[PDB]
Ligand SMILES: CCCCCCCCCCCCC/C=C\[C@H](O)[C@H](N)CO
Ligand SMILES: CCCCCCCCCCCCC/C=C\[C@H](O)[C@H](N)CO
Ligand SMILES: [Cl-]
Ligand SMILES: [Cl-]
Ligand SMILES: [Cl-]
Ligand SMILES: [Cl-]
């Protein structure tokens, strides 16, 4: 008491259908905007022209981020060939990174942060699309859990990790996954480094790598002591569900080159829009 | 020396802020820890051997 | 509200006379003290011996700091000789520093800070004690005011500074002075430097100098266009009044050497107490 110096405006609204149009006539300066402020023109039809009444029942439900994202998309293709350089071992460990396929990636990168649960579907077959009576095991190996070093590895005992056993002939396996980041949300962009220290050019592959997005390894194998005679192709589809998103940003307008960064082909910088001869001719 | 674990917490050794902690303890319930199918046996019936 | 971490025991007493003594008998451990704490024994007569009742009316009024300090003491001796090296000029400018005389100085240095008003008395005469019909002018020249450069100096016009005109034959001149420091109190000890910068050995005379104690200059002259034939001796006495004091400290036990610092003769360090031959003999 003996010292006197020690004593968000915007909100939501539910709009199920597009706004309507009201009538007006031959009649305050609402046509000229001060776009220098960083605001979008609040001028509508009724201001610049004479209008009729239109009872607009067009629905806005399909543009809800949920209907936009909750569509299963390809995020990975894993192959286990029998003859070659890949894995004549009968098993494969895949670091989880969903940024290897553009269609989905570009959609997510529309936002800076995203939080959601997901439905993963596992479509498996031979490289030509044929199916055979082969038993498989998919296992989720969280960060810290021991990764299988072979098709015989004890890790396939899967006493605590979650594993799925399914035949290549059964329908696609399918499961639900919760929001697992240790942060409040996954983030497609992390303008920083994961650790302290000097950031010499040798460790610049560190830039942009966010541990909170690193969900571990996904392992798969044929279930047998002996090698399987079949080459295997596994396509993993992901369907986002129960999603929330923050901070929209410009959409990628240059082809993707790498999973972990926004590097672009500097010699061939594509223009966002097609070109024409003259500004006065279509 | 008694065989007891320190009943001293944050508020005792340092100045703290109020934190409304909603972290759930359901996953460490022995049921969620054990109710995960695990391999307990491998039985083989070969034809030649 | 959305954050929960953002939401003197001793007093005075009036004792006009010394505390009394009450009776006791042949009877809790009040004789043994824990002086390790930094406390003075709260054990009195009634605890260590059998006592009688004594109605003690001894007064504590004389030990009040006011009666202790409000006794005029010599703080300066200013001389204006006619034949010599001093001031055959007829005027003198004296920087005000009251630390040139021990009796008073030691008393004040009992405290660290002191605030008070004062009564200055000016006893003037010839060097042999004789008096003559000589007119004098004493003037207070505050910091910033122009100091007289001669007996004719315009500064003696004293249009704003306060001046006193008195004859060497009139009784001593006497005036009251207010508490003039720009600080809350004068301080006999200032453990620091007056300005910023490096404190090279060339400017070490700065250490301990506190501007808040520098009250300016005291000027005096004979009132005449012509030189006076009389040597003059001025003794200035000061009587502290309306005083308050803080933070008592050890009393000087070494002879004073300089006005502005506590330097002491290192080769001859005096013991606070006289000595004897044996610790078992008086
Ligand atoms: C037995 C079923 C196993 C299925 C387990 C799959 C868990 C996958 C969790 C989805 C994690 C979202 C992706 C997060 C971050 C991005 O990939 C990062 N940019 C990679 O550094
Ligand atoms: C015409 C009458 C003129 C009389 C004016 C006398 C004013 C003197 C004010 C008393 C100041 C107290 C002394 C203060 C500080 C000490 O002298 C310091 N240690 C000096 O550096
Ligand atoms: Cl096994
Ligand atoms: Cl959703
Ligand atoms: Cl004059
Ligand atoms: Cl007083």
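Read the figures in this text as sums done on the coordinates, not as results from a lab. Please note: Cβ atoms are built from the backbone with ideal geometry, for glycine as well, and neighbour counts cover all protein chains shown.
Some points to look at:
- Kirkwood Rh in Å, taken over chain A so that all alpha-carbon pairs contribute: 24.1 Å
- Taking all Cα pairs closer than 8 Å and separated by 6 or more residues, the relative contact order of region A:142-235 comes to 36 percent.
- Three-way shape call for region C:1-68 based on the alpha-carbon gyration tensor, with the a/c threshold at 1.5: oblate
- Among C:52, C:71, C:239, a tally of other beta-carbon atoms within 10 Å of each Cβ gives an order, fewest to most, of C:52, C:71, C:239.
- Exposure proxy shown here: for C:74, C:136, the number of other Cβ atoms within 10 Å sets the order, fewest to most, as C:74, C:136.
- The alpha carbon convex hull volume per residue for the protein assembly as shown rounds to 594 Å³.
- The separation of region A:127-167 from region C:1-60, counted between C-alpha centres, amounts to 83 Å.
- Exposure proxy order (Cβ contacts within 10 Å, fewest to most) of A:244, A:221: A:244, A:221
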